Every structure is written in C-alpha cells, then in structure tokens.
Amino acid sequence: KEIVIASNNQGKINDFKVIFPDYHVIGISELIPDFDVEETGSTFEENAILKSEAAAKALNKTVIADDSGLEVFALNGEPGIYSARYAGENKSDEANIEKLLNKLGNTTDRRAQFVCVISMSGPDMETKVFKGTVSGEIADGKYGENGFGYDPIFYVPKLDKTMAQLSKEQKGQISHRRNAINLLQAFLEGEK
C-alpha cells in the first residue's frame, strides 16, 4: 500500500502518484526529515542505489530514488554525476551551460546523452535499476525557453529542436526520464 520517494521534489512525487495509484505515495521528508545521503558513487546508478537503499534499510519500506545528468562524449562524460553543480556549488544552470559551452567550444563532435537511472529498493526484494537515455548534440549556444538545466543547449536531431524548444508534454514523450519510468512501469505491471 505504501511507497516512498527519496526526493524533495513535489513534481516527481506527484508524478509517482499516478504510476502508484494503487499505492500511498509518500515523500521521504515525511519519514526522515533530515534525510542526507553522501553520494559517494561514480555513476548515476551507484548514487541512485545509495539513496534508495539508505532509506529502505532504515525504514523497512519500499523506496524509489533517481539520479540524472548530461554526458558529453568529447568531454569524457562530463558533467556526468556533477551535472547540477558543474560550474560551482550555487548550482546555476546558466553558469553550468557557460562552463560546458566554453570547455567544448570549437569541437566538432558534439554528441551527448541525458541519462536517468531509477532505483527501487525494499525488504522483500533485491534492489532494481531502470535506466533511460535520450541522445542528442550540444548546440552552438542557448536555444529555447522551456525546461531547465541544459535543455537550452541539448539539440534533439529527431525533432530538430533543443529540449528547451519542446513543450513539457513533448519533453515527456522522449526524455531519458520517461524512458526510465517506462521500464519501471513494465516491472510494476509485471507483478500482476
């Protein structure tokens, strides 16, 4: 009946209420207000697993965490697990965008991907990982006004648009996150 989200994002949590409408969906802050997990991992997957396992082992409940980011091929994976605070600790997207555009710069191979890993851990269960991806190219500079993070510089060839130029619903169709959620839903459907 209950499922907890290792996140402080009411957006994500409400999203999860639709995919767990059979469940009571609870934000982690309701159970561990001071939840704080040291992200000592190397990949999005390791960091997702640390978050969901810390909550699940302390709580004896089923919990979902995630971790997301941009990987740019020419920069050997950067910003990677450092996507949010790429250019500094006050996590300014524009600052992040400017550091990325400047480090890439003249480079012709601008191939990149967004990856979202969703982790699910619990007592009667081994921890499960669901990885979604969406591919594209780093643009010339910023283009578009919707979305956030690196969306203005992430060009999507199959749509001829940056992620920022897409509507929210358009983003919701093709995003790395939608891909990870599809994998989760298939698992959930699986247990019936």
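Residue numbers here begin at 1 and follow the sequence given.
Student: Could you settle it for me: does 95-103 or 113-121 have the higher average Cα B factor in the PDB entry?
Tutor: Stretch with the greater average CA B-factor: 95-103.
Student: Which has the higher mean CA temperature factor in the PDB entry, 160-168 or 45-53?
Tutor: Mean CA B-factor is higher for 160-168.
Student: Choose from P33, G136, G141, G132 the residue with the greatest Cα B-factor as stated in the PDB record.
Tutor: Max CA B-factor in the entry, restricted to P33, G136, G141, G132: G141.
Student: Would you mind ranking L183 by its C-alpha B-factor against the rest of the chain and naming the third, lowest, middle or highest?
Tutor: Its C-alpha B-factor belongs to the lowest third of this chain's values.
Student: Pull the Cα B-factor of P152 out of the PDB entry and bin it into the chain's lowest, middle or highest third.
Tutor: It belongs to the middle third of the chain when residues are ordered by C-alpha B-factor.
Student: Taking the chain's C-alpha temperature factors as the reference, tell me which third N146 falls into: lowest, middle or highest.
Tutor: Its C-alpha B-factor belongs to the highest third of this chain's values.
Student: Select lowest, middle or highest to describe the third in which the CA B-factor of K17 falls within its chain in this entry.
Tutor: For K17, the deposited C-alpha B-factor lands in the highest third.
Student: In terms of the CA temperature factor given in the entry, to which third of its chain does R177 belong: lowest, middle or highest?
Tutor: According to the entry, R177 has a C-alpha B-factor in the chain's middle third.
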